[PDB]
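Colleague: Next up, start33.txt (compact mmCIF, C-alpha atoms and all ligand atoms).
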```
# COMPACT_ATOMS: atom_id res chain seq x y z
CA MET Y 1 -50.67 52.22 -10.63
CA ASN Y 2 -47.41 50.28 -10.11
CA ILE Y 3 -45.87 46.94 -11.10
CA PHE Y 4 -47.79 45.06 -8.40
CA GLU Y 5 -51.18 46.48 -9.44
CA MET Y 6 -50.28 46.01 -13.10
CA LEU Y 7 -49.40 42.34 -12.78
CA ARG Y 8 -52.36 41.73 -10.47
CA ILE Y 9 -54.57 42.93 -13.34
CA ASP Y 10 -52.75 40.87 -15.99
CA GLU Y 11 -52.46 37.68 -13.92
CA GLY Y 12 -55.62 37.61 -11.79
CA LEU Y 13 -55.90 35.98 -8.38
CA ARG Y 14 -56.87 32.34 -7.94
CA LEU Y 15 -56.38 30.46 -4.68
CA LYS Y 16 -56.53 26.90 -6.07
CA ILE Y 17 -54.13 25.32 -8.56
CA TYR Y 18 -55.23 26.15 -12.11
CA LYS Y 19 -53.72 26.02 -15.59
CA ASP Y 20 -52.33 29.21 -17.09
CA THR Y 21 -52.63 30.36 -20.72
CA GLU Y 22 -49.95 27.84 -21.76
CA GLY Y 23 -51.64 24.94 -19.94
CA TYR Y 24 -49.16 24.96 -17.04
CA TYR Y 25 -50.11 24.49 -13.40
CA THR Y 26 -50.18 27.85 -11.60
CA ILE Y 27 -51.64 29.38 -8.43
CA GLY Y 28 -52.13 32.75 -6.79
CA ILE Y 29 -51.20 35.77 -8.88
CA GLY Y 30 -49.65 33.98 -11.83
CA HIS Y 31 -47.22 31.90 -9.76
CA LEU Y 32 -46.05 29.22 -12.20
CA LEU Y 33 -45.61 25.93 -10.33
CA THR Y 34 -44.26 23.59 -13.03
CA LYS Y 35 -44.39 22.86 -16.73
CA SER Y 36 -44.90 19.17 -15.90
CA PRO Y 37 -48.32 17.72 -16.80
CA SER Y 38 -48.35 15.97 -13.40
CA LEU Y 39 -50.75 17.57 -10.93
CA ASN Y 40 -48.93 15.71 -8.17
CA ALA Y 41 -45.68 17.36 -9.26
CA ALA Y 42 -47.39 20.76 -9.21
CA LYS Y 43 -48.77 20.12 -5.73
CA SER Y 44 -45.30 19.17 -4.48
CA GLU Y 45 -43.97 22.43 -5.92
CA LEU Y 46 -46.72 24.32 -4.10
CA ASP Y 47 -45.95 22.69 -0.73
CA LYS Y 48 -42.25 23.49 -1.17
CA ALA Y 49 -43.03 27.09 -2.16
CA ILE Y 50 -45.40 27.72 0.76
CA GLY Y 51 -43.59 25.60 3.34
CA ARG Y 52 -46.53 23.41 4.41
CA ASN Y 53 -48.61 20.46 3.24
CA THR Y 54 -51.32 22.23 1.24
CA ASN Y 55 -54.43 20.73 -0.33
CA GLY Y 56 -53.66 22.55 -3.58
CA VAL Y 57 -55.28 25.65 -2.02
CA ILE Y 58 -53.59 28.66 -0.45
CA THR Y 59 -54.76 31.81 1.31
CA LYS Y 60 -54.77 35.30 -0.16
CA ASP Y 61 -51.89 36.30 2.14
CA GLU Y 62 -49.93 33.29 0.89
CA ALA Y 63 -50.70 34.20 -2.73
CA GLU Y 64 -49.49 37.74 -2.10
CA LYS Y 65 -46.32 36.43 -0.44
CA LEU Y 66 -45.40 34.35 -3.50
CA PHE Y 67 -46.31 37.31 -5.71
CA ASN Y 68 -43.89 39.64 -3.92
CA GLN Y 69 -41.16 37.02 -4.21
CA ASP Y 70 -41.93 36.59 -7.92
CA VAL Y 71 -41.82 40.33 -8.67
CA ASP Y 72 -38.51 40.51 -6.80
CA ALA Y 73 -37.22 37.52 -8.78
CA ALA Y 74 -38.20 39.16 -12.07
CA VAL Y 75 -36.29 42.33 -11.18
CA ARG Y 76 -33.25 40.34 -10.04
CA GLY Y 77 -33.36 38.35 -13.28
CA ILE Y 78 -33.27 41.62 -15.22
CA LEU Y 79 -30.43 43.10 -13.17
CA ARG Y 80 -28.24 39.99 -13.46
CA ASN Y 81 -28.77 39.65 -17.23
CA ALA Y 82 -26.24 41.42 -19.44
CA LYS Y 83 -28.81 42.07 -22.17
CA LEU Y 84 -31.72 43.18 -19.99
CA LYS Y 85 -29.92 45.34 -17.42
CA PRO Y 86 -28.76 48.13 -19.80
CA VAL Y 87 -32.27 48.39 -21.26
CA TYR Y 88 -33.86 48.47 -17.80
CA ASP Y 89 -31.40 51.11 -16.57
CA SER Y 90 -32.24 53.25 -19.61
CA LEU Y 91 -36.01 53.23 -18.98
CA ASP Y 92 -38.31 55.45 -16.95
CA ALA Y 93 -40.13 53.80 -14.04
CA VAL Y 94 -43.36 53.20 -15.99
CA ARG Y 95 -41.60 51.42 -18.85
CA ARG Y 96 -39.46 49.56 -16.28
CA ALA Y 97 -42.73 48.04 -15.03
CA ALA Y 98 -43.57 46.97 -18.59
CA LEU Y 99 -40.22 45.15 -18.85
CA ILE Y 100 -40.69 43.50 -15.43
CA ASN Y 101 -44.13 42.39 -16.62
CA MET Y 102 -42.62 40.66 -19.66
CA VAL Y 103 -39.97 38.90 -17.54
CA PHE Y 104 -42.61 37.80 -15.03
CA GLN Y 105 -44.63 36.19 -17.83
CA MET Y 106 -41.86 34.75 -20.02
CA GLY Y 107 -38.71 34.56 -17.88
CA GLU Y 108 -35.32 36.25 -18.09
CA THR Y 109 -33.95 34.07 -20.89
CA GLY Y 110 -37.01 34.51 -23.09
CA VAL Y 111 -37.18 38.29 -22.85
CA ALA Y 112 -33.41 38.58 -23.29
CA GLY Y 113 -33.92 36.91 -26.68
CA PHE Y 114 -35.93 39.92 -27.94
CA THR Y 115 -32.64 41.43 -29.14
CA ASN Y 116 -34.02 43.83 -31.74
CA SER Y 117 -36.93 45.00 -29.58
CA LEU Y 118 -34.55 45.63 -26.69
CA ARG Y 119 -32.32 47.75 -28.94
CA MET Y 120 -35.27 49.87 -30.11
CA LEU Y 121 -36.35 50.34 -26.49
CA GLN Y 122 -32.86 51.46 -25.48
CA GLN Y 123 -32.91 53.84 -28.48
CA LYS Y 124 -36.27 55.19 -27.22
CA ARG Y 125 -37.87 54.50 -30.62
CA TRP Y 126 -41.17 53.71 -28.97
CA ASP Y 127 -43.42 53.25 -32.01
CA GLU Y 128 -40.82 51.16 -33.84
CA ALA Y 129 -40.29 49.07 -30.70
CA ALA Y 130 -44.07 48.61 -30.46
CA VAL Y 131 -44.28 47.33 -34.05
CA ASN Y 132 -41.34 45.00 -33.46
CA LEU Y 133 -42.64 43.66 -30.13
CA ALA Y 134 -45.88 42.57 -31.80
CA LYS Y 135 -44.03 40.30 -34.26
CA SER Y 136 -43.79 37.65 -31.59
CA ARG Y 137 -45.30 34.43 -30.34
CA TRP Y 138 -45.94 36.44 -27.16
CA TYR Y 139 -48.22 38.90 -28.93
CA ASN Y 140 -49.99 36.22 -30.94
CA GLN Y 141 -50.72 33.96 -27.98
CA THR Y 142 -51.67 36.69 -25.44
CA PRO Y 143 -52.61 39.66 -27.64
CA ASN Y 144 -54.72 41.65 -25.16
CA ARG Y 145 -52.06 41.51 -22.46
CA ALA Y 146 -49.26 42.11 -24.95
CA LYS Y 147 -51.18 45.11 -26.29
CA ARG Y 148 -51.42 46.59 -22.78
CA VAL Y 149 -47.69 46.07 -22.19
CA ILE Y 150 -46.77 47.42 -25.64
CA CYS Y 151 -49.01 50.46 -25.17
CA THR Y 152 -47.18 51.11 -21.90
CA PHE Y 153 -43.85 51.06 -23.78
CA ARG Y 154 -45.39 53.30 -26.46
CA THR Y 155 -46.71 56.03 -24.17
CA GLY Y 156 -44.83 55.74 -20.88
CA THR Y 157 -48.19 56.19 -19.16
CA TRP Y 158 -50.59 53.85 -17.41
CA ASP Y 159 -53.50 54.48 -19.80
CA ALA Y 160 -53.74 50.79 -20.77
CA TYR Y 161 -54.40 49.84 -17.13
CA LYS Y 162 -56.73 52.64 -16.00
CA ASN Y 163 -60.44 51.80 -16.03
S1 LIG Y 201 -51.18 51.64 -27.70
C1 LIG Y 201 -52.39 52.93 -27.36
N1 LIG Y 201 -53.14 53.02 -26.15
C2 LIG Y 201 -53.75 54.45 -26.19
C3 LIG Y 201 -55.27 54.33 -26.42
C4 LIG Y 201 -53.43 55.24 -24.91
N2 LIG Y 201 -53.15 55.05 -27.37
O1 LIG Y 201 -53.41 56.32 -27.68
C5 LIG Y 201 -52.30 54.20 -28.17
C6 LIG Y 201 -50.86 54.71 -28.14
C7 LIG Y 201 -52.84 54.02 -29.61
CL CL Y 202 -40.03 45.65 -36.86
K K Y 203 -52.78 33.92 -14.92
```
Go ahead and express the file in the form of structure tokens.
Ligand SMILES: *SC1=NC(C)(C)N(O)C1(C)C
Ligand SMILES: [Cl-]
Ligand SMILES: [K+]

Modeller:
Amino acid sequence: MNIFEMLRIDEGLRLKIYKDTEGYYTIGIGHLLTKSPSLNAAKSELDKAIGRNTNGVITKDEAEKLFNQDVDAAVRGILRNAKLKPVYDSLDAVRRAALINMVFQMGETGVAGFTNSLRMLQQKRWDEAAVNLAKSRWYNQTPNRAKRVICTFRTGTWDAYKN
């Protein structure tokens, strides 16, 4: 298991534009296209992202290319953020993946707002961090995924993603 396999499980793979859990146009492996309700706007974003006039459909290779860029972007968002970088640096590689996962789903600014959870993670108070992370819109709106991510912070193992 690794961050790519983890997010591929949490995000799925769909080759045509679809709406994500928040109702936003998305494609591939959780590649958010736009928060606009305009499908035409989402299609324009897709063409710009892929570099060709699509029909709203991409190939698996193209989905994986966006996915690699998006994982990279999540890590760079962490490393450039003054609140997220110290927490990331303090974590083992398994829990680093859990933090990347959160930033992939919610963005750098959103995760950086989890001030008290971040402090508990940096303190390595894993059960307390788990309780605090669940008191969130994130947990309430995507509880199964949030439970997998929180369990990964709790244990530092991949048990929530095996079988
Ligand atoms: S969270 C969670 N997942 C498993 C089943 C590995 N656990 O033992 C916890 C920590 C309750
Ligand atoms: Cl709490
Ligand atoms: K998804």

Colleague: Extract, using all atoms listed in the file, all DNA, RNA and protein residues at most 9 Å from residue 4 of chain Y, discarding same-chain residues fewer than 2 positions from it, and format them as a PyMOL selection string.

Modeller: chain Y and resi 1-2+6-9+67-68+71+97

Colleague: For ligand CL 202 (chain Y), which residue among Y:133, Y:149, Y:100, Y:63 is the nearest when counting all atoms listed in the file?

Modeller: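 Among the listed residues, Y:133 lies closest to ligand CL 202 (chain Y).
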
Colleague: Which neighbours of residue 16 of chain Y fall inside 6 Å, counting all atoms listed in the file, when residues of the same chain fewer than 4 positions from it are skipped, and could you give them as a ChimeraX atom specification?

Modeller: /Y:27,56-57

Colleague: May I ask which of the residues Y:79, Y:29, Y:131, Y:66 is the closest one to residue 49 of chain Y, counting only C-alpha atoms?

Modeller: Y:66

Colleague: If we count all atoms listed in the file, what is near residue 150 of chain Y at a cut-off of 12 Å, once residues fewer than 6 positions away on the same chain are taken out, given as a ChimeraX atom specification?

Modeller: /Y:94-95,97-99,101-102,117,121,126-136,138-139,142-144,156-161

Colleague: For atom CA of residue 51 of chain Y and atom CA of residue 12 of chain Y, quote the distance in Å rounded to one decimal.

Modeller: 22.8 Å

Colleague: Please write out the residues within 10 Å of ligand K 203 (chain Y) as a PDB file with C-alpha atoms, keeping the file's coordinate frame, counting all atoms listed in the file.

Modeller:
```pdb
ATOM      1  CA  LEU Y   7     -49.400  42.340 -12.780  1.00  0.00           C
ATOM      2  CA  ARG Y   8     -52.360  41.730 -10.470  1.00  0.00           C
ATOM      3  CA  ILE Y   9     -54.570  42.930 -13.340  1.00  0.00           C
ATOM      4  CA  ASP Y  10     -52.750  40.870 -15.990  1.00  0.00           C
ATOM      5  CA  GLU Y  11     -52.460  37.680 -13.920  1.00  0.00           C
ATOM      6  CA  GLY Y  12     -55.620  37.610 -11.790  1.00  0.00           C
ATOM      7  CA  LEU Y  13     -55.900  35.980  -8.380  1.00  0.00           C
ATOM      8  CA  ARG Y  14     -56.870  32.340  -7.940  1.00  0.00           C
ATOM      9  CA  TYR Y  18     -55.230  26.150 -12.110  1.00  0.00           C
ATOM     10  CA  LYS Y  19     -53.720  26.020 -15.590  1.00  0.00           C
ATOM     11  CA  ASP Y  20     -52.330  29.210 -17.090  1.00  0.00           C
ATOM     12  CA  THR Y  21     -52.630  30.360 -20.720  1.00  0.00           C
ATOM     13  CA  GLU Y  22     -49.950  27.840 -21.760  1.00  0.00           C
ATOM     14  CA  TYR Y  24     -49.160  24.960 -17.040  1.00  0.00           C
ATOM     15  CA  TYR Y  25     -50.110  24.490 -13.400  1.00  0.00           C
ATOM     16  CA  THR Y  26     -50.180  27.850 -11.600  1.00  0.00           C
ATOM     17  CA  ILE Y  27     -51.640  29.380  -8.430  1.00  0.00           C
ATOM     18  CA  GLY Y  28     -52.130  32.750  -6.790  1.00  0.00           C
ATOM     19  CA  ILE Y  29     -51.200  35.770  -8.880  1.00  0.00           C
ATOM     20  CA  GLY Y  30     -49.650  33.980 -11.830  1.00  0.00           C
ATOM     21  CA  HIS Y  31     -47.220  31.900  -9.760  1.00  0.00           C
ATOM     22  CA  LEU Y  32     -46.050  29.220 -12.200  1.00  0.00           C
ATOM     23  CA  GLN Y 105     -44.630  36.190 -17.830  1.00  0.00           C
TER      24      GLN Y 105
END
```

Colleague: Between atom CA of residue 36 of chain Y and atom CA of residue 107 of chain Y, measure the distance and give it in Å to one decimal.

Modeller: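 These two atoms are separated by 16.7 Å.
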
Colleague: Quick one: everything within 12 Å of residue 122 of chain Y, counting all atoms listed in the file, minus sequence neighbours fewer than 3 positions away in the same chain. Send it as a PyMOL selection string.

Modeller: chain Y and resi 83-92+95-96+99+115-119+125-126+128-129+153

Colleague: Rank nothing, just name the residue among Y:120, Y:74, Y:93, Y:60 nearest to ligand CL 202 (chain Y), using all atoms listed in the file.

Modeller: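 For ligand CL 202 (chain Y), the nearest of the candidates is Y:120.
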